[PDB]
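Scroll down for the structure; my scribbles are underneath it.
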Amino acid sequence: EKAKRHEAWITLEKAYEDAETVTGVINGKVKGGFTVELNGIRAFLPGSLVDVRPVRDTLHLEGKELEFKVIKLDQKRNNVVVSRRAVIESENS
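Counting with the entry's author numbering, you get residues 87 to 179 for the letters of the sequence shown.
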């Protein structure tokens, strides 16, 4: 029942409404952005608060297994994004 979740996502809408918390790991990495699998859904992390003024090892950018903070979803593109400031938690709760 993997595809069935597609229609079940309709219930998640009410969840994000109250800023529901999620949890997933980064599967794909793009130029500045970062794709993460959250319950089957694909998230997007802003690079604005990811890569900047490197001082130490930055290999944690990919493969990081941490939670995120939903601030606003874009159903228009049948996709969901992640907050930038929320990175404060993803970095190291």
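Each residue gets a CB set at the ideal place from its N, CA and C atoms; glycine is no exception.
{"Asked": "Tell me whether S179 is buried or exposed, calling it buried when 16 or more other Cβ atoms sit within 10 Å of its Cβ.", "Found": "exposed"}
{"Asked": "Closest to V167 by CA distance: which of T109, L145, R142 is it?", "Found": "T109"}
{"Asked": "Enumerate in chain order the residues of its own chain whose CB-to-CB distance from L152 is below 6 Å, with the five nearest sequence positions on each side excluded.", "Found": "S176"}
{"Asked": "Out of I96, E148, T97, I174, which has the shortest C-alpha to C-alpha gap to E123?", "Found": "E148"}
{"Asked": "For the beta strand (DSSP E) that contains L152, what are its first and last residues?", "Found": "151 to 155"}
{"Asked": "Which of the three DSSP states, helix, strand or coil, is assigned to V173?", "Found": "helix"}
{"Asked": "Considering only residues of the same chain and omitting the five flanking positions on each side of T121, which have a CB-CB separation below 6 Å?", "Found": "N113, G114, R128"}
{"Asked": "Using DSSP with H/G/I as helix, E/B as strand and the rest coil, what is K117?", "Found": "coil"}
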